[PDB]
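query.cif follows (mmCIF, C-alpha atoms and all ligand atoms):
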```
data_entry
loop_
_atom_site.label_atom_id
_atom_site.label_comp_id
_atom_site.auth_asym_id
_atom_site.auth_seq_id
_atom_site.Cartn_x
_atom_site.Cartn_y
_atom_site.Cartn_z
CA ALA M 1 7.90 -75.53 83.76
CA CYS M 2 10.80 -73.21 84.49
CA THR M 3 12.67 -73.72 87.71
CA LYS M 4 15.47 -71.17 87.84
CA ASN M 5 15.67 -67.63 89.14
CA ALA M 6 18.70 -66.58 87.14
CA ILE M 7 20.84 -63.91 88.74
CA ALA M 8 21.77 -60.95 86.56
CA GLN M 9 25.38 -59.85 86.15
CA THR M 10 26.53 -57.49 88.88
CA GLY M 11 27.20 -54.18 87.18
CA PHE M 12 25.41 -55.21 83.97
CA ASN M 13 25.94 -52.56 81.30
CA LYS M 14 22.59 -52.19 79.59
CA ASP M 15 23.66 -49.57 77.05
CA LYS M 16 26.42 -51.88 75.78
CA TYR M 17 24.18 -54.94 75.55
CA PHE M 18 21.20 -53.09 74.06
CA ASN M 19 23.31 -51.26 71.48
CA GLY M 20 21.41 -52.31 68.36
CA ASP M 21 23.93 -54.93 67.26
CA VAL M 22 23.41 -58.68 66.76
CA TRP M 23 24.17 -61.54 69.17
CA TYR M 24 24.57 -65.09 67.83
CA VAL M 25 23.74 -68.10 69.96
CA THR M 26 26.79 -70.38 69.83
CA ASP M 27 25.87 -72.91 72.54
CA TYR M 28 22.70 -73.69 74.50
CA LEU M 29 21.49 -75.76 77.44
CA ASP M 30 17.86 -76.79 77.84
CA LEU M 31 17.03 -78.12 81.30
CA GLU M 32 13.98 -80.05 80.11
CA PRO M 33 14.66 -83.17 78.02
CA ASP M 34 13.62 -82.93 74.36
CA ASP M 35 12.34 -79.37 74.93
CA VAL M 36 14.11 -78.19 71.76
CA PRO M 37 15.70 -79.91 68.74
CA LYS M 38 19.31 -81.04 69.21
CA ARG M 39 20.30 -79.17 66.05
CA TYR M 40 19.20 -75.56 65.97
CA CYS M 41 20.27 -72.01 65.24
CA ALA M 42 19.25 -68.70 66.76
CA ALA M 43 20.33 -65.08 66.94
CA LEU M 44 18.93 -61.80 68.25
CA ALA M 45 19.39 -58.06 68.04
CA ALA M 46 18.89 -56.03 71.20
CA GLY M 47 18.59 -52.25 71.16
CA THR M 48 16.52 -49.23 71.98
CA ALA M 49 13.94 -47.72 69.66
CA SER M 50 12.44 -44.40 70.72
CA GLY M 51 13.41 -45.03 74.34
CA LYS M 52 11.95 -48.54 74.50
CA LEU M 53 14.09 -51.64 75.08
CA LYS M 54 13.54 -53.94 72.10
CA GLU M 55 14.67 -57.35 70.96
CA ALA M 56 14.34 -59.00 67.58
CA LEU M 57 14.71 -62.79 67.45
CA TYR M 58 15.57 -65.26 64.72
CA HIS M 59 15.06 -69.03 64.91
CA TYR M 60 16.12 -71.47 62.22
CA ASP M 61 15.81 -75.25 62.27
CA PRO M 62 18.65 -76.37 59.96
CA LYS M 63 16.91 -79.69 59.23
CA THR M 64 13.19 -78.89 58.87
CA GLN M 65 13.89 -75.39 57.58
CA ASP M 66 11.28 -73.98 59.94
CA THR M 67 12.17 -70.31 60.27
CA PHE M 68 10.63 -67.47 62.23
CA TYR M 69 11.24 -63.96 63.49
CA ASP M 70 9.88 -62.17 66.52
CA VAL M 71 9.93 -58.62 67.86
CA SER M 72 9.43 -57.69 71.51
CA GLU M 73 9.27 -54.65 73.70
CA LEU M 74 11.01 -55.48 76.94
CA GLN M 75 9.74 -54.49 80.34
CA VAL M 76 12.19 -54.07 83.21
CA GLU M 77 11.97 -56.27 86.30
CA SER M 78 15.43 -55.24 87.53
CA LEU M 79 18.80 -54.46 85.98
CA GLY M 80 19.55 -57.31 83.58
CA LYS M 81 16.18 -59.04 84.03
CA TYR M 82 13.34 -58.43 81.54
CA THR M 83 9.91 -59.65 80.52
CA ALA M 84 9.18 -59.62 76.78
CA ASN M 85 5.82 -59.88 75.02
CA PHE M 86 6.62 -61.23 71.56
CA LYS M 87 4.92 -60.79 68.21
CA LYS M 88 5.71 -63.13 65.38
CA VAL M 89 6.71 -61.22 62.26
CA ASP M 90 8.17 -61.93 58.85
CA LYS M 91 11.73 -60.73 58.22
CA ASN M 92 10.33 -57.39 57.08
CA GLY M 93 8.45 -56.73 60.32
CA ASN M 94 5.00 -57.62 58.96
CA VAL M 95 2.90 -59.00 61.82
CA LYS M 96 1.89 -62.66 61.59
CA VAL M 97 0.82 -63.24 65.20
CA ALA M 98 -0.08 -60.28 67.40
CA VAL M 99 1.11 -59.78 70.96
CA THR M 100 -1.10 -61.68 73.39
CA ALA M 101 -1.13 -62.05 77.15
CA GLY M 102 0.45 -65.32 78.20
CA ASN M 103 2.83 -65.23 75.22
CA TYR M 104 6.03 -63.90 76.73
CA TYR M 105 9.57 -64.82 77.68
CA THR M 106 11.72 -63.68 80.52
CA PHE M 107 15.33 -62.80 79.78
CA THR M 108 18.22 -62.52 82.31
CA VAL M 109 21.72 -61.46 81.34
CA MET M 110 23.94 -63.46 83.70
CA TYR M 111 27.22 -62.30 82.15
CA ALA M 112 28.15 -59.91 79.35
CA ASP M 113 31.18 -58.18 77.92
CA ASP M 114 31.94 -56.48 74.61
CA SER M 115 31.95 -59.75 72.65
CA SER M 116 30.13 -62.42 74.66
CA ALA M 117 27.25 -63.11 77.01
CA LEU M 118 25.49 -65.81 79.02
CA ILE M 119 21.71 -65.53 79.23
CA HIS M 120 18.79 -67.43 80.73
CA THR M 121 15.30 -67.39 79.24
CA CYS M 122 11.97 -68.87 80.30
CA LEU M 123 9.48 -69.13 77.42
CA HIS M 124 5.72 -69.04 78.05
CA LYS M 125 3.64 -69.76 74.96
CA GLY M 126 0.13 -71.16 74.72
CA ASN M 127 -0.46 -74.63 76.11
CA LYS M 128 3.06 -76.04 75.96
CA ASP M 129 5.08 -76.96 79.04
CA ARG M 130 8.54 -75.46 78.56
CA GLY M 131 11.70 -75.43 80.62
CA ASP M 132 14.65 -73.16 81.28
CA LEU M 133 17.05 -72.40 78.47
CA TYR M 134 20.56 -71.02 78.87
CA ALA M 135 22.48 -69.62 75.90
CA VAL M 136 26.03 -68.52 75.27
CA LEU M 137 26.09 -65.58 72.85
CA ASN M 138 28.85 -64.02 70.78
CA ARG M 139 29.05 -60.92 68.58
CA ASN M 140 30.76 -63.14 66.01
CA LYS M 141 28.88 -65.92 64.29
CA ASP M 142 30.01 -69.38 65.38
CA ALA M 143 32.88 -68.03 67.56
CA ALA M 144 34.38 -70.46 70.06
CA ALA M 145 33.47 -69.62 73.64
CA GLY M 146 36.20 -67.62 75.38
CA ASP M 147 37.50 -68.03 78.90
CA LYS M 148 35.40 -65.21 80.36
CA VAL M 149 32.01 -66.58 79.37
CA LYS M 150 33.07 -70.16 80.12
CA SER M 151 34.14 -69.08 83.60
CA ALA M 152 30.74 -67.39 84.01
CA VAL M 153 29.04 -70.67 83.08
CA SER M 154 31.06 -72.37 85.84
CA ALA M 155 30.29 -69.58 88.34
CA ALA M 156 26.59 -70.14 87.64
CA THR M 157 27.17 -73.74 88.74
CA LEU M 158 26.54 -75.06 85.23
CA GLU M 159 28.71 -77.53 83.31
CA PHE M 160 29.69 -76.13 79.93
CA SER M 161 30.37 -79.65 78.61
CA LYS M 162 26.60 -80.17 78.71
CA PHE M 163 25.86 -77.24 76.37
CA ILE M 164 25.00 -78.08 72.77
CA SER M 165 26.96 -76.25 70.08
CA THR M 166 25.14 -74.59 67.18
CA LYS M 167 28.38 -73.91 65.33
CA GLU M 168 28.45 -77.12 63.25
CA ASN M 169 24.99 -76.62 61.79
CA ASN M 170 24.73 -75.20 58.30
CA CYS M 171 23.19 -71.98 59.49
CA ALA M 172 22.95 -68.59 57.92
CA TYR M 173 21.71 -65.40 59.54
CA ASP M 174 20.09 -62.27 58.14
CA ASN M 175 21.76 -59.73 60.42
CA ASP M 176 20.38 -56.83 58.37
CA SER M 177 16.81 -57.97 58.98
CA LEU M 178 17.43 -58.44 62.71
CA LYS M 179 18.81 -54.94 63.01
CA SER M 180 15.97 -53.42 61.01
CA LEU M 181 13.37 -55.26 63.08
CA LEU M 182 14.33 -53.34 66.22
CA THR M 183 12.03 -50.51 65.09
CA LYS M 184 9.06 -52.78 64.31
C1 LIG M 201 19.69 -72.24 70.10
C2 LIG M 201 18.91 -71.74 71.07
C3 LIG M 201 17.38 -71.85 70.96
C4 LIG M 201 16.66 -72.90 70.55
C5 LIG M 201 17.16 -74.31 70.16
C6 LIG M 201 15.26 -72.52 70.56
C7 LIG M 201 14.21 -73.34 70.22
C8 LIG M 201 12.92 -72.91 70.00
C9 LIG M 201 11.85 -73.67 69.39
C10 LIG M 201 11.97 -75.12 68.87
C11 LIG M 201 10.77 -72.90 69.37
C12 LIG M 201 9.37 -73.25 68.82
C13 LIG M 201 8.56 -73.95 69.91
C14 LIG M 201 7.13 -74.14 69.47
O1 LIG M 201 6.46 -73.13 69.13
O2 LIG M 201 6.65 -75.31 69.47
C15 LIG M 201 11.11 -71.63 69.97
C16 LIG M 201 10.26 -70.58 70.11
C17 LIG M 201 10.56 -69.40 70.74
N1 LIG M 201 11.77 -69.06 71.32
FE1 LIG M 201 13.49 -70.12 71.16
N2 LIG M 201 15.18 -71.20 70.96
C18 LIG M 201 16.47 -70.76 71.21
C19 LIG M 201 16.83 -69.50 71.65
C20 LIG M 201 15.93 -68.54 72.07
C21 LIG M 201 16.27 -67.29 72.73
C22 LIG M 201 17.72 -66.86 73.08
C23 LIG M 201 15.12 -66.64 73.00
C24 LIG M 201 14.90 -65.26 73.68
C25 LIG M 201 15.83 -64.31 73.64
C26 LIG M 201 14.04 -67.44 72.49
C27 LIG M 201 12.70 -67.12 72.53
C28 LIG M 201 11.70 -67.78 71.88
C29 LIG M 201 10.38 -67.23 71.64
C30 LIG M 201 9.85 -65.85 72.07
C31 LIG M 201 9.62 -68.31 70.89
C32 LIG M 201 8.17 -68.26 70.39
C33 LIG M 201 8.14 -67.33 69.18
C34 LIG M 201 6.79 -67.32 68.51
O3 LIG M 201 6.03 -68.32 68.61
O4 LIG M 201 6.46 -66.30 67.87
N3 LIG M 201 14.56 -68.59 71.93
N4 LIG M 201 12.44 -71.66 70.34
#
```
Please re-express this file's structure in structure tokens.
Ligand code: HEM
Amino acid sequence: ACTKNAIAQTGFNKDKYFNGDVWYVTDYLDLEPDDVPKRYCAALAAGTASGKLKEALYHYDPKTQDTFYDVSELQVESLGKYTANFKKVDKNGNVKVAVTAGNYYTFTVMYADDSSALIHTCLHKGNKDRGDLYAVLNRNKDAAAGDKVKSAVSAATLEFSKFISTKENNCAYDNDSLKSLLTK
């Protein structure tokens, strides 16, 4: 189960974060052992569509090739802290698994600037016991983590040396699909 109440960035700028552009995961930290594969790739687009906060997600396992997309409408708990009911879609936005109660993730933006972010997410899905996940994001694919986000990791009392890099996986990203999905 998840164990952390992540604190959102003071003065979080929602319009900048939810601007329709893509964020690449560059490094991640799962608190539960073996909760996720050690080699993985992920990215998301966050934006507004007709006034609603939306995210589109992309997951890619660079070994098994397992690939999936999700779209969510986000509901506000407080500034920088959201609850998202996800639907699994193909890259075109065609629904493969409908939204269902109990299938949701929370999402807290702990730090963000115009090129980087630190987030926490707690995934709830079916009958699987899942733990907290932290992710360092960048606007640029595979960018090395800068001093601002690394300092934020420290300030959150986390050790960046424990984060797993995604940058050395042979991963490709369909940023056009992610952007398009925001409306789906
Ligand atoms: C590199 C970082 C990440 C890794 C390694 C990772 C890993 C995984 C894995 C292995 C699954 C499939 C679990 C299963 O169904 O058995 C999964 C599902 C999921 N993850 Fe992630 N994830 C990452 C980042 C994220 C982020 C940043 C978010 C939210 C913004 C997120 C949200 C979700 C959601 C909503 C599902 C279920 C989707 C569905 O079943 O339709 N993940 N993740």
List all protein, DNA and RNA residues that have at least one atom no more than 7 Å from any atom of ligand LIG 201 (chain M), counting only C-alpha atoms and all ligand atoms, and write them as a list in words. residues 25, 27, 28, 36, 37, 40, 41, 42, 43, 44, 57, 59, 69, 70, 86, 87, 88, 97, 104, 105, 107, 121, 123, 125, 135 and 166 of chain M
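Shortest separation to residue 92 of chain M among M:56, M:130, M:22, M:164 occurs at residue M:56, atoms counted being only C-alpha atoms.
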Which residues are near residue 138 of chain M? Cut-off 8 Å, only C-alpha atoms, ignore same chain within fewer than 4 positions. Put them as number ranges by chain. M: 23-26, 115-117, 142-143, 145
Only C-alpha atoms, please: the residues just picked out, written as a PDB file, in the frame of the given file.
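Generated output (again_24.pdb):
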```pdb
ATOM      1  CA  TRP M  23      24.170 -61.540  69.170  1.00  0.00           C
ATOM      2  CA  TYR M  24      24.570 -65.090  67.830  1.00  0.00           C
ATOM      3  CA  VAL M  25      23.740 -68.100  69.960  1.00  0.00           C
ATOM      4  CA  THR M  26      26.790 -70.380  69.830  1.00  0.00           C
ATOM      5  CA  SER M 115      31.950 -59.750  72.650  1.00  0.00           C
ATOM      6  CA  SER M 116      30.130 -62.420  74.660  1.00  0.00           C
ATOM      7  CA  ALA M 117      27.250 -63.110  77.010  1.00  0.00           C
ATOM      8  CA  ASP M 142      30.010 -69.380  65.380  1.00  0.00           C
ATOM      9  CA  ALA M 143      32.880 -68.030  67.560  1.00  0.00           C
ATOM     10  CA  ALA M 145      33.470 -69.620  73.640  1.00  0.00           C
TER      11      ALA M 145
END
```
What does the distance from atom CA of residue 136 of chain M to atom CA of residue 153 of chain M come to in Å, to one decimal?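 Interatomic distance here is 8.6 Å.
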List the neighbours of residue 155 of chain M out to 12 Å using only C-alpha atoms; skip same-chain residues closer than 6 positions along the sequence, and give me the result as a PyMOL selection string. chain M and resi 7+9+110-111+118+147-149
List as a VMD selection string the protein and nucleic acid residues near residue 33 of chain M, meaning an atom at most 12 Å away when only C-alpha atoms are counted, but skip any in the same chain fewer than 2 places from it. chain M and resid 1 29 to 31 35 to 38 129 to 133
Given all atoms listed in the file as the counted atoms, nearest of M:81, M:150, M:179, M:128 to residue 5 of chain M: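 Between M:81, M:150, M:179, M:128, the residue approaching residue 5 of chain M most closely is M:81.
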Could you name the residues that touch residue 182 of chain M at 8 Å or less, counting all atoms listed in the file, but leaving out those on the same chain fewer than 5 positions away, as a VMD selection string? chain M and resid 20 45 to 49 54 to 56 71
Quick one: everything within 12 Å of residue 10 of chain M, counting only C-alpha atoms, minus sequence neighbours fewer than 4 positions away in the same chain. Send it as a PyMOL selection string. chain M and resi 14+78-81+108-113+152
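The two atoms in question, atom CA of residue 90 of chain M and atom CA of residue 58 of chain M, are spaced 10.0 Å apart.
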So which one's closest to residue 103 of chain M, M:67, M:19, M:3, M:85? Using all atoms listed in the file, please.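 Among the listed residues, the smallest separation from residue 103 of chain M belongs to M:85.
Counting all atoms listed in the file, the residue from M:89, M:6, M:156, M:137 that sits nearest to residue 68 of chain M is M:89.
Proximity of M:180, M:175, M:50, M:151 to residue 73 of chain M, computed with only C-alpha atoms, is greatest for M:50.
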Could you tell me how far atom CA of residue 62 of chain M sits from atom CA of residue 170 of chain M, in Å to one decimal place?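 It comes out at 6.4 Å.
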Nearest to residue 8 of chain M by atom-to-atom distance, counting all atoms listed in the file, from M:178, M:119, M:98, M:158: M:119
May I ask you to restore N, CA, C and O atoms in segment 29-45 of chain M and write the result as a short mmCIF file (atom, residue, chain, number, x, y, z; two decimals), keeping the file's coordinate frame?
```cif
data_model
loop_
_atom_site.label_atom_id
_atom_site.label_comp_id
_atom_site.auth_asym_id
_atom_site.auth_seq_id
_atom_site.Cartn_x
_atom_site.Cartn_y
_atom_site.Cartn_z
N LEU M 29 21.78 -74.70 76.49
CA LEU M 29 21.49 -75.76 77.44
C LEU M 29 20.02 -75.68 77.82
O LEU M 29 19.57 -74.73 78.44
N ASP M 30 19.26 -76.70 77.44
CA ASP M 30 17.86 -76.79 77.84
C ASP M 30 17.76 -77.72 79.03
O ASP M 30 18.26 -78.85 78.98
N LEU M 31 17.13 -77.27 80.11
CA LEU M 31 17.03 -78.12 81.30
C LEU M 31 16.01 -79.24 81.16
O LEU M 31 16.15 -80.28 81.80
N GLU M 32 15.00 -79.03 80.33
CA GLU M 32 13.98 -80.05 80.11
C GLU M 32 14.35 -80.91 78.91
O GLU M 32 14.66 -80.40 77.84
N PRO M 33 14.29 -82.24 79.10
CA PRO M 33 14.66 -83.17 78.02
C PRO M 33 13.76 -82.99 76.81
O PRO M 33 12.54 -82.89 76.95
N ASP M 34 14.36 -82.95 75.62
CA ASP M 34 13.62 -82.93 74.36
C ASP M 34 12.75 -81.67 74.21
O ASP M 34 11.81 -81.65 73.41
N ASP M 35 13.08 -80.63 74.97
CA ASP M 35 12.34 -79.37 74.93
C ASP M 35 12.56 -78.64 73.61
O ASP M 35 11.67 -77.94 73.12
N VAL M 36 13.75 -78.81 73.03
CA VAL M 36 14.11 -78.19 71.76
C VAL M 36 14.88 -79.20 70.91
O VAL M 36 15.42 -80.16 71.45
N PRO M 37 14.93 -78.99 69.58
CA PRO M 37 15.70 -79.91 68.74
C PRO M 37 17.18 -79.86 69.10
O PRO M 37 17.67 -78.83 69.57
N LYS M 38 17.89 -80.97 68.88
CA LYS M 38 19.31 -81.04 69.21
C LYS M 38 20.17 -80.25 68.22
O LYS M 38 21.30 -79.89 68.52
N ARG M 39 19.63 -80.02 67.03
CA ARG M 39 20.30 -79.17 66.05
C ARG M 39 19.44 -77.95 65.82
O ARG M 39 18.29 -78.06 65.40
N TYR M 40 19.99 -76.77 66.10
CA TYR M 40 19.20 -75.56 65.97
C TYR M 40 20.09 -74.35 65.82
O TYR M 40 21.28 -74.39 66.17
N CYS M 41 19.52 -73.26 65.33
CA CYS M 41 20.27 -72.01 65.24
C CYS M 41 19.39 -70.84 65.64
O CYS M 41 18.19 -70.81 65.36
N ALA M 42 19.98 -69.87 66.31
CA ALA M 42 19.25 -68.70 66.76
C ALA M 42 20.18 -67.50 66.90
O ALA M 42 21.38 -67.64 67.17
N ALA M 43 19.60 -66.32 66.76
CA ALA M 43 20.33 -65.08 66.94
C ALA M 43 19.32 -64.01 67.35
O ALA M 43 18.12 -64.19 67.19
N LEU M 44 19.82 -62.89 67.86
CA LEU M 44 18.93 -61.80 68.25
C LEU M 44 19.64 -60.46 68.08
O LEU M 44 20.86 -60.39 68.06
N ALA M 45 18.86 -59.41 67.93
CA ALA M 45 19.39 -58.06 68.04
C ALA M 45 18.69 -57.45 69.24
O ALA M 45 17.51 -57.70 69.48
#
```
